[PDB]
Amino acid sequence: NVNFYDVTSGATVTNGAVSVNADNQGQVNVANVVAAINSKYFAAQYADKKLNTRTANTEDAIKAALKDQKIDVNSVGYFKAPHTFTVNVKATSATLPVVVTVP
């Protein structure tokens, strides 16, 4: 099956969590959320005795999570973050819920 893993430790992860900084007006860019998630977690499938990486839908998943919280993102990626929200990151042959906190 597809599973998610920690990039740095290699451990299998079921639920993830990251922190992303806002600017002094409480604005965040989706690109910084995508970087926080994808730098920390990756998806892969075992085959041919190795882990094979699988592309995650992180940007789309972030925008979908914010739209479920009634938060819009503008054409160049900025939005007003909630304090914390959950992104359901998907990779295809698995879903990794990732808690995103914006202090």
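Numbers for residues come from their place in the sequence shown, where the first is 1.
_Between residue 14 and residue 15 - deposited residues without coordinates, as a size class_ = Going from residue 14 to residue 15, the model skips no residues of the deposited sequence.
*Of 17-25 and 79-87, the stretch whose C-alpha atoms average the higher B-factor in the entry*: Between 79-87 and 17-25, it is 17-25 that shows the higher mean C-alpha B-factor.
*For the C-alpha atoms alone, is the average B factor greater in 43-51 or in 26-34, going by the entry?*
On average, C-alpha B-factors are higher across 43-51.
*asked:* Using only modelled residues of the chain, where does the Cα B factor of residue 58 rank: lowest third, middle third or highest third?
replied: CA B-factor rank for residue 58: middle third.
*Relative to the other modelled residues of the same chain, rank the CA B-factor of residue 2 and answer lowest, middle or highest third.*
Its C-alpha B-factor, which the entry lists for residue 2, ranks in the highest third among residues of this chain.
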